[PDB]
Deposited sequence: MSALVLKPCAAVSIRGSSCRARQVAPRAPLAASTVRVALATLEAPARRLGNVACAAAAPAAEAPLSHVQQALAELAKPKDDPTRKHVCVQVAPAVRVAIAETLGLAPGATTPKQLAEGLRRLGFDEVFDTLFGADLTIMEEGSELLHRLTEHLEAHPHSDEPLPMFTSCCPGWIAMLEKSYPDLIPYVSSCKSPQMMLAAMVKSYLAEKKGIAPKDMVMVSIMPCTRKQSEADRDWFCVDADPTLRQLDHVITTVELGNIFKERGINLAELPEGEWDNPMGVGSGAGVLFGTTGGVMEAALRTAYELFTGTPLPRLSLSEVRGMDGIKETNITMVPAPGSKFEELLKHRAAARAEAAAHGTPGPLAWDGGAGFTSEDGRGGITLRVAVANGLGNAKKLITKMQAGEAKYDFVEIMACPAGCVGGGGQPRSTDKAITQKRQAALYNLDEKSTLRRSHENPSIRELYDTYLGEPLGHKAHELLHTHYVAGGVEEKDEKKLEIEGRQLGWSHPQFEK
């Protein structure tokens, strides 16, 4: 049986069947914006809570927003970038945590990494993706909070992507030592979900507004605050930037790199906060000979007559896989110098995933991107560490980002040659 069929069979069971599981769903933003096209409408023509009402009518017991998972991914990856930068600046880098750092949320990049780039594995962030962080959390924290055994929970994710099931199927996303209980059971694409609605005569555009559940299991709404982060990569940088400098990082505008297809970049200058440790490390020369395919050049430093020291963080974004291979070749010969790199396999990112509806409009992905966030939300910047649901989760259950419990729950590893 397909994963859609397995998921619909769990859903079809009466609440009073003894074998009825608790079934949880999580929804990616790129789904929410494109699912209206499944009914022949424009992107964004159905609201996020119309979609939550539709899912609730298929029989899900919770409906969750993958942006909660993204907030966990920001916490982890932001601290992870800052931690590697700090070890580099003190000239005591750990060998398993070199710069540059690459992101890890795209499974298409991960497969290519493991198959064709095994020497780069140590450079890749150890963070799980947003969907996996959220799955790991509901099967541990929330299960325990509700007195529900993890074996009696099923978790589905609606994704814009045909590769996210292969991410969920990596072996160690297993709950408590058996491969048989998976943190994330089933992935359904946008078009599969649109097709399930149509077969049952459910027209999203005409449903009433429903509601999201909070993965914490108390309090109303989705457990994410109003506003936008600019996405995981940007919010991770903002995390590190704002601790390092004491000053806000605005919304980033990436520019095209010339001579390379599908690659955008930015250079972010950073003066450490006065009185801070980061100011010390920059004051106290030998930050010359070292191993690895990507050898870090020691950073793009800058100076002032009076001692203002700074560093400039060199950021690149690559779409998709053929263009990423060319960046890597150039990083390896010393022609492109980057400290933090994001690789996505799709030319337009997740809004253009292979699980999305097909359109004759050459600009469909830019319309999906424009409608991802409600016009009022775009003007409010938000920060994951200020989310009271995230803070409660860390203060009562995980400890510190990068710490032991967070590592066990929210971090992963990569295998040379793939899986």
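Annotation: deposited residues 1-64, 349, 353-358, 491-514 are not represented by C-alpha coordinates in the model.
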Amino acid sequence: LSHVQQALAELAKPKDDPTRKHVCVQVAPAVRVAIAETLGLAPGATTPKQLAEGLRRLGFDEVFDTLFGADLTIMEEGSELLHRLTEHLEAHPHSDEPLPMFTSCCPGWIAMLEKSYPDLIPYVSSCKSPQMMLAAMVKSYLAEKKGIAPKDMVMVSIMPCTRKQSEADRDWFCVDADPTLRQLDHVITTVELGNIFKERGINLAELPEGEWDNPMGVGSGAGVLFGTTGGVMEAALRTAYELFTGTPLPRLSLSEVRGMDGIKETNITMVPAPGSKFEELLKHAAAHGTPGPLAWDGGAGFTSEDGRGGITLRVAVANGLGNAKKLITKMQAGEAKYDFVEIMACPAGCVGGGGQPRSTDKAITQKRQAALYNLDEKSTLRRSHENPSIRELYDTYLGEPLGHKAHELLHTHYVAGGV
From here on, numbers count along this sequence of modelled residues.
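Remark: stretch with higher mean C-alpha B factor among 353-361 and 372-380 is 372-380. Averaged over their C-alpha atoms, the temperature factors of 176-184 and 158-166 are higher for 176-184.
The residue among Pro100, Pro274, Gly201, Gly108 whose C-alpha atom has the highest B-factor in the PDB entry is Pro274. Of the candidates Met112, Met133, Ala336, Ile343, the deposited coordinates give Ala336 the top C-alpha B factor.
Looking at the C-alpha B-factors along this chain, the one for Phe302 belongs to the highest third. In the deposited entry, the Cα temperature factor of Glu87 sits in the middle third of values across the chain's modelled residues. Ranked within its chain, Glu392 lands in the highest third, by CA B factor from the PDB record. In the deposited entry, the Cα temperature factor of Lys264 places it in the middle third of its chain's modelled residues. For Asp119, the recorded CA B-factor ranks within the middle third of the chain. Only modelled residues enter the ranking.
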